[PDB]
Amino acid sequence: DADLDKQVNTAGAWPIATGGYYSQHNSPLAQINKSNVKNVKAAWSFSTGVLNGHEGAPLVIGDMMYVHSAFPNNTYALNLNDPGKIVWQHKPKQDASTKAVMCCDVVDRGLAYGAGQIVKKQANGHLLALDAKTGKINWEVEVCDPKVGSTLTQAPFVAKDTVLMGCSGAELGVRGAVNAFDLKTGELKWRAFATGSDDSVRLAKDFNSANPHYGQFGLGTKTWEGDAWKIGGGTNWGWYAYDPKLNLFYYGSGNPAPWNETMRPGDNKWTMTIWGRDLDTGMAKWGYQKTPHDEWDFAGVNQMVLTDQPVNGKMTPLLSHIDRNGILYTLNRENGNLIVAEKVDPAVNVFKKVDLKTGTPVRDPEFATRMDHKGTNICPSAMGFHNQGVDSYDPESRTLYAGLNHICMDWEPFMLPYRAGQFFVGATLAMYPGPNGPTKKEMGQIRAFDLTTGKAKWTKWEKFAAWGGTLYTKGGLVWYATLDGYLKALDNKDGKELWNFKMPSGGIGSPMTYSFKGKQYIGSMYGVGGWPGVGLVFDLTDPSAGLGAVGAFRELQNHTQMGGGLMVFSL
């Protein structure tokens, strides 16, 4: 709304999790730069009093900061003039059983803000609007039902007078949908499902008119056998982007359910799709399915980054996105035209390549998955070559700094029944480091990319996956947190590490920045968890547990322990 716009236009404020409507996750604040970053020190810290993975990052509105924890999803409001005083706090009362239907740790990716309210959700499915100054609950509504395996983890997204909120639960057969609510009252405006009839999916009359070969009408049911789409997944628990001029919001729908591909023949549209929907009606102007008939759990929910750059010398309105499937996509955000579809690392083998003309992945049968067969050395793994991390874009050099994962896998599915409220996976995995790390053990990378060509500029390897993402600040610095507990700053020119601080626990969110009384501050959550930390968090040791994640990250607990809090830095 107008109030959110006011904050967005306020220098040094941070009212949106992804850094702005275009979700470039960057900042013009340049007080901290390449020459003085070595002098950055901790300013203060704040513990949430909660363990488990602490995703997302705090919001800064005016002189107030809002911090959030993992389940039970607590909110803490602080006035930057005195970080020692909790102005107000909201501590939800939720049934412990809520955690039992959360697939990948009891994480929360953050708060949102609009109309002078902090918009927050709870894992148990409630969405609330609290007064930003007092914490008073203005409205509280139900969005997801944990009894059928549906929960809330993603950050809400505010645009105009609408709050976009998507439920999680594809691992439990939850049929995904982006739900839209009135920012002032919490009333349901509409919801656009990822599968089913065109009416339920909310497709515009001219849906994909620019690219009919992507598929248009009737595919939400025609690309499934019978009613399999009813428990077909497609949940959107990642991030959104919004272009005010076009009045289009963008996001990606998740993986189809179950993981057992043999149980759901068909392209399974519209799961794994990049969307361009009208904000007012939710009607899709365009939709591009990145991974038809998923066979690897490449949940297509990753960040959408909107930029305006010259493509072959021609200024173009773009949308860029690095999917779990290891492909960096760049499309025209107005009509959905496919411009770039390149592998972020040569290890990607599920596809020989993505054909720009047919618009689909040229599949390599050797790395497919199917019943009564154990696929091996498949890249990327289900954790993908990119997950929930929020990357940053430098508008000057026109570079995206991507936090990647370099993990591959073995996979064999198996038959299982669907029972609402219970998991519906149907696959056994083994995950391990990809083949290209310097010592073949590295699982993380910070890799810079030109979004108009998909070509990399440089790479910095990390022992563990770069799960949280990166933040770019005008001083020429790429900030990011590691699973082993460090907040780091790199020279955006070559990836050279210029500064680091050992936080209490690994970070799984992306850094944020703000200004307060003449100084630039860098904020990062800490508290390892999420999918990579399930072994440590839930005391698991079986390599196959955590769907293969436990074995892959077995060494993480030798570098970090759980935690939960925020650390702030400055000069």
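A residue's number is simply how far along the shown sequence it sits, counting from 1. If you superpose the two forms and keep the largest set of C-alpha atoms that fall within 1.5 Å, you have the rigid core.
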{"property": "Comparing 138 to 146 and 308 to 316 where Cα RMS over structures and residues is taken in 4 other deposited structures of this protein (core fit), larger one", "result": "308 to 316"}
{"property": "Which of 233 to 241 and 434 to 442 has higher mean CA B factor, as the PDB entry lists it", "result": "434 to 442"}
{"property": "Per the entry, higher mean C-alpha B factor between 312 to 320 and 208 to 216", "result": "312 to 320"}
{"property": "Top residue by Cα temperature factor, when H293, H386, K474, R109 are compared in the entry", "result": "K474"}
{"property": "Largest Cα B-factor, entry values, listed residues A177, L487, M304, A159", "result": "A159"}
{"property": "Among modelled residues of the same chain, the CA temperature factor third for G300", "result": "lowest"}
{"property": "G173, C-alpha B-factor rank within chain (lowest, middle or highest third)", "result": "middle"}
{"property": "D105, C-alpha B-factor rank within chain (lowest, middle or highest third)", "result": "middle"}
{"property": "Ranked C-alpha temperature factor of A70 among modelled chain residues, by third", "result": "lowest"}
{"property": "Third of the chain, ranked by Cα B-factor, where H25 sits", "result": "lowest"}
